[PDB]
Structures are given as C-alpha cells and as structure tokens.
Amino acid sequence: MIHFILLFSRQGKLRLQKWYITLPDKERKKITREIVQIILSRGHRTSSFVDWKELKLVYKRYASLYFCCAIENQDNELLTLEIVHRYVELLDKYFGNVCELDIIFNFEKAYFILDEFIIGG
C-alpha cells in the first residue's frame, strides 16, 4: 500500500506530506530529507520510480513541484502514477493551475483534496 506522499520543490522545500505510517516527526524528517535529495538528483527519466530501502518511490514533476508516492516493492507503480496524475488534475481543477504558491497558502485545501481522494494508502 502507499506509505506516504510528498510534494516538494526544486529548492528542496517540502510543501505537503501525508503519512499512512505512524512515525515520530524527526524520523519522518530524516526520511523526507533523504528522499528529496535522491529525487532532485535524478537527471534522466529512466524509470517511474527509485528503489529506496524496501520501497518504490514513484514520482513525477509537475511544473516546479515533485509529487512522490512511496509504495511497496511489489506494488503497482503504474496505477500509482495514475493516482498521482489524478490528484494533480483535482488540484488543477480547484486552483486553476498547478503552483507551489497554492500549496503554501492553501495547504489545508490541497491536503483535503488528497485525503478525500486517497483512502488509507
């Protein structure tokens, strides 16, 4: 299932996170800092995902935002990419565009849209 979902910028700023695993905040920060570095450093799109520990980090850049959904190695990364795209479409419908500015200043609505679209991971 989905373990967590991250939205972050090219400067490495985590703008949204949704976790389906309970971890202390410092543990989550260690994870997200590492993951953001890994994904930002990928210069060639040779896969939809990066293998990381026991997870597949399925990710895609939309405008200047990276959307990453961490799933199990055996999980369906194709369906996960579709899920990410459908979330982005929901954001684009509400905000009229896909912008970091919206995630900064309307965090709760972006989170609400995600949370109500994704059920339990």
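Start at 1 and count along the sequence shown; that's the residue number.
Higher mean CA temperature factor between 92-100 and 32-40: 92-100, per the PDB entry. A summary of the deposited B-factors shows that, of 112-120 and 3-11, the stretch with the larger mean C-alpha value is 112-120. Of the residues listed, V50, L65, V84, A70, the entry assigns the biggest Cα temperature factor to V50. In the PDB entry, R61 places in the lowest third of its chain by CA B-factor.
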